[PDB]
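Heads up, the Cβs are rebuilt from the backbone with ideal geometry, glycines too, and the neighbour counts pull from every protein chain shown. Basis: the model, the stated rules and, where named, an outside source; no laboratory read-out is quoted.
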Amino acid sequence: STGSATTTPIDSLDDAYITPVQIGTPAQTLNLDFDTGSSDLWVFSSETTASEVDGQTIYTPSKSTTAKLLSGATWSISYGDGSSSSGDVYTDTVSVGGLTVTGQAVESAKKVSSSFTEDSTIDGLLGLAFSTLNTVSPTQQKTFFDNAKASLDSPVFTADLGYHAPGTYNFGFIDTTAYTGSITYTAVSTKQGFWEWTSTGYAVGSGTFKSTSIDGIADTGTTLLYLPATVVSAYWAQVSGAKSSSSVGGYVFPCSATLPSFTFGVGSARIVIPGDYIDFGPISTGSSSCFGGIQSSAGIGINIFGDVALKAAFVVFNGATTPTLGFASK
């Protein structure tokens with residue numbers, strides 16, 4: 001089997017992407033944030049504290065003929081941005097782009113933090129990291145991908161995120177029309193539960209490539225590219241008027257600037273992030289100061305190849321016995 005679903009930016013900055021997902025019988029369609037940096041599929045629901053729901057579409061398990069409470073199971077998650085959610089657990093039929101999993105754990109939110117309430121466009125998350133990170137207790141549950149895997153034509157999914165435009169998540173096949181050139185594959189460590197890999201270096205604009213190992217994660221659920229302070233300083237030093245602002249919370253630059261590209265290495269291959277992808281717009285409405293899309297990972301504890309990086313590539317998440325990541329230009 002295979003599945004193919006369009007993913008759409010939630011706003012004009014590509015802060016996140018939402019993908020329609022069918023849950024239950026008859027189908028209830030919710031727009032979920034596919035997150036390769038976590039491993040819980042959780043949704044706003046009929047059980048979510050009413051004051052914490054503001055415009056989201058909710059899952060109502062009592063209206064689904066295929067829903068069943070996983071008795072005694074609970075979940076609780078907190079994300080890198082400090083947001084969180086928690087609740088109880090159902091199993092139900094879940095379909096993404098024509099690919100159906102029966103008995104998928106659907107984590108029903110009883111409580112969500114303010115950032116989720118305030119984002120009317122995201123009805124929940126669909127985690128695509130390794131199932132070892134799943135937060136269900138007492139017995140951890142499998143991700144949608146883990147459950148689908150044995151049914152898939154090939155044990156892969158691909159992320160093809162758009163710059164200010166829709167893109168695609170495919171399951172079970174590689175669309176050879178969706179990228180240019182070849183896909184370069186690189187090793188993955190699952191030791192921390194992430195799609196963790198080692199970039200071979202970077203270049204700033206037309207500069208020479210610096211060969212240096214940068215360990216990080218491929219994370220569709222993070223907006224920006226977070227890299228070591230050395231790398232990030234070298235980038236912004238090439239932008240007139242750029243500086244790190246503690247009051248704003250990162251590097252800022254004059255909105256009139258022309259940003260250099262940023263190249264990262266994947267083995268002997270190279271992915272070029274155009275300068276425009278690094279512009280995240282005014283720091284506040286009407287400001288002539290703009291926020292950078294490449295920021296320091298110092299204090300996160302891990303480097304993160306978030307959407308700024310991933311949307312410059314066609315990315316293969318290979319869930320074979322020995323997992324790997326593939327990157328192609330597009």
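Here are the numbers for this structure:
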{"item": "Unique residue being outside the structural domain of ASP35 (by CATH) and surrounded by fewer than 20 Cβ atoms within 10 Å (Cβ to Cβ) when the list is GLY299, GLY292", "result": "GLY299"}
{"item": "Hey, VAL43 under 22 Å from the mean Cα position of the chain (by Cα), under 20 Å from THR121 (Cα atoms) and crowded, with 17+ Cβ neighbours inside 10 Å or not", "result": "yes"}
{"item": "Of all residues in segment 137-152 being surrounded by fewer than 20 Cβ atoms within 10 Å (Cβ to Cβ) and part of a loop (DSSP other than H, G, I, E, B), the one that is farthest from the chain's Cα centre (by Cα)", "result": "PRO138"}
{"item": "Some residue of segment 57-74 being in the same structural domain as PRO26 (by CATH) and within 20 Å of the chain's Cα centre (by Cα)", "result": "no"}
{"item": "Count - residues of segment 117-137 that are more than 13 Å from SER39 (Cα to Cα) and in contact with a strand residue (DSSP E or B) (Cβ under 7 Å, 6 or more places away or on another chain)", "result": "4"}
{"item": "Residues of segment 313-330 that turn out to be hydrophobic (A, V, I, L, M, F, W, C), over 14 Å from the mean Cα position of the chain (by Cα) and farther than 17 Å from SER189 by Cβ, as a count", "result": "1"}
{"item": "Strands (runs of 3 or more DSSP E) lying entirely in segment 225-306 (those with 2 or more residues that are within 21 Å of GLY162 (Cα to Cα))", "result": "225-227, 262-266, 269-273, 279-282, 289-292, 294-296, 303-305"}
{"item": "Meets criteria (within 23 Å of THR190 (Cβ to Cβ), touching a residue at least 12 places away in the same chain (Cβ under 8 Å) and either among the aromatic types (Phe, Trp, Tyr) or not assigned by CATH to the domain that holds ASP15 (or both)) for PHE145", "result": "yes"}
{"item": "Single condition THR177 does not satisfy, out of (1) closer than 27 Å to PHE144 by Cβ; (2) part of a strand (DSSP E or B); (3) over 22 Å from the mean Cα position of the chain (by Cα)", "result": "(2)"}
{"item": "Residues that are buried (at least 21 other Cβ atoms within 10 Å of the Cβ) and small (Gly, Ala, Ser), drawn from segment 97-130", "result": "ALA105, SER108, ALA109, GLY124, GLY127, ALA129"}
{"item": "Residues that are among the β-branched types (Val, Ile, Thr), touching a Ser or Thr at 6+ places or on another chain (Cβ under 7 Å) and either free of Cβ contacts under 8 Å to residues at least 24 places away in the same chain or within 30 Å of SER76 (Cβ to Cβ) (or both), drawn from segment 148-192", "result": "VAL188"}
{"item": "Subset of segment 304-326 [touching a strand residue (DSSP E or B) at 6+ places or on another chain (Cβ under 7 Å) and either over 18 Å from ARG270 (Cα atoms) or among the aromatic types (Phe, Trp, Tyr) (or both)]", "result": "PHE305, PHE314, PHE317, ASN318, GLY319"}
{"item": "Count of residues meeting criterion [part of a loop (DSSP other than H, G, I, E, B) and either closer than 17 Å to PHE145 by Cβ or not assigned by CATH to the domain that holds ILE294 (or both)] in segment 180-204", "result": "5"}
